[PDB]
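Written out below as structure tokens is the structure these notes cover.
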Amino acid sequence: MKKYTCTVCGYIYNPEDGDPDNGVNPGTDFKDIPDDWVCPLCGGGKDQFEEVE
Ligand SMILES: [Fe+3]
């Protein structure tokens with residue numbers, strides 16, 4: 001599992017931390033995050049993210 005970054009604000013989704021406050025548990029691969037989840041910092045959709053490396 002790769003990290004993904006919001007290309008609008010720069011937030012980085014790290015799969016080993018998840019986003020637990022919004023129901024995304026540690027270990028969730030980015031493709032498997034519910035498709036209505038948005039960037040915690042700018043509200044951008046998953047469609048604005050890209051793989052970090
Ligand atoms: Fe963002």
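None of the figures in this text is laboratory data; all of them are computed from the coordinates on show. No Cβ is skipped: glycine too gets one built from the backbone with ideal geometry, and neighbour counts run over all protein chains shown.
Details
- Rg/Rh for the chain, where both radii come from Cα atoms and Rh is the Kirkwood radius: 0.90
- A simple charge model with +1 on the Cβ of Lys and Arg, -1 on the Cβ of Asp and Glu and nothing else charged puts the dipole of the chain at about 80 debye relative to its Cα centre.
- Restricting the stretch 2-53 to trypsin sites (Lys or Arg not before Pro) in coil, as DSSP defines it, with at most 13 other Cβ within 10 Å: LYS2
- In sequence order, the stretch 19-36 has phi-based couplings of 9, x, 5, 10, x, 9, 5, x, x, 8, 5, 4, 4, 8, 4, x, 6, 9 Hz under the Karplus curve 6.51 cos²θ - 1.76 cosθ + 1.60, θ = phi - 60°, and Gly or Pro positions carry x.
- Approximating the spin labels as points 7 Å out from Cα along Cα→Cβ, the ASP21-to-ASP47 distance works out to 2.6 nm.
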